[PDB]
Structures are given as structure tokens and as C-alpha cells.
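Below you'll find only one chain, the form deposited in one PDB entry, shown as C-alpha cells.
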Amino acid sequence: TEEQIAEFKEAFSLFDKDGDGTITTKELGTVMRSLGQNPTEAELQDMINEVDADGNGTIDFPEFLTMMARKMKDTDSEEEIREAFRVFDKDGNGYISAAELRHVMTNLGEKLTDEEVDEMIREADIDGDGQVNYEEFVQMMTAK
């Protein structure tokens, strides 16, 4: 994990930008606005609440490492994603429509680029009366 913590120290330096070792709300909003994103204050606050375990209001480097250390291919995260799909499932059979999914992605929540959706649909076998098994997507994007 020495190369891992090397890359994580590198990545943490990009947010730190000085010898503090802590990340402020402003200290993150600047980095994001460099990317042309324009987040809200409360958004950065919510991002930063779910990293720190001290409650002080910034991200220490061990907290950063704790974030990076835990895994997306998780027993619980799989269930969360699977249960998120079911909100949009008619009849709950484990299948959803192509056009319906395209509509949900491009309109609801953080709206996607159309070409991103064009990539998304073709990852799975979409044929067979237009239906698609979403557990396939789950296993895919939980494969890491």
C-alpha cells in the first residue's frame, strides 16, 4: 500500500495547496470552480461532513485515507444500488425499458450528457423486446 498512500498523498496535496493538512469548504470549492462546476456552499458542506469523523469541519489526511480505503464493491452498496433501480421498475420483475431509462437519466437528478447515456445503454444486452436486466449493470459497476 506504499504506492497507494503515495498516490493518496499526491492527490491530497492538490486539495491542500499549502502546509495545513486540512481541507476547508472554500479550499475545495476553489478546486471545483477551476473545473467550471459552481457548487453551492451547502453542497461542499455535505461533501465534507461525510468525510470527517472528528466533527471539526475539515478533512484530515487520515480521514482522506479512510475515505479512499473503503470499497465500492460492498455487500451493502450493491443492495442500495439495486434497490434504487426498483423505484423506476413497473411490475418489479427485474427489467426496465430502454426509452424509460434514457428518459430518467437525461432528465431526473443530475442530468446526464446524452452520449453518456448512449454509452450506458450499450454496455448491457439491450435487445429482447427492448427490456434490460439491471442486475447486470449492478454487477458491472460493482466489479470495480
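Residue numbers here begin at 1 and follow the sequence given. Each form is matched to the other, and the largest set of C-alpha atoms that superpose within 1.5 Å is called the rigid core.
Not pictured, yet referred to below: the form deposited in another entry.
K.L.:
Is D54 one of the residues whose C-alpha moves 2 Å or more between this form and the one not shown after the core fit?
P.N.:
Yes; that C-alpha moves by at least 2 Å between this form and the one not shown.
K.L.:
When the rigid core is used for the superposition, does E123 move between this form and the one not shown (threshold: C-alpha shift of 2 Å or more)?
P.N.:
No; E123 is a residue whose C-alpha shifts by less than 2 Å between this form and the one not shown when the cores are overlaid.
K.L.:
Hey, the CA atoms of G128 and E123 end up closer or farther in the other form than in the shown form, with the change being 3 Å or more?
P.N.:
Closer together, which means the C-alphas of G128 and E123 are at least 3 Å nearer in the other form.
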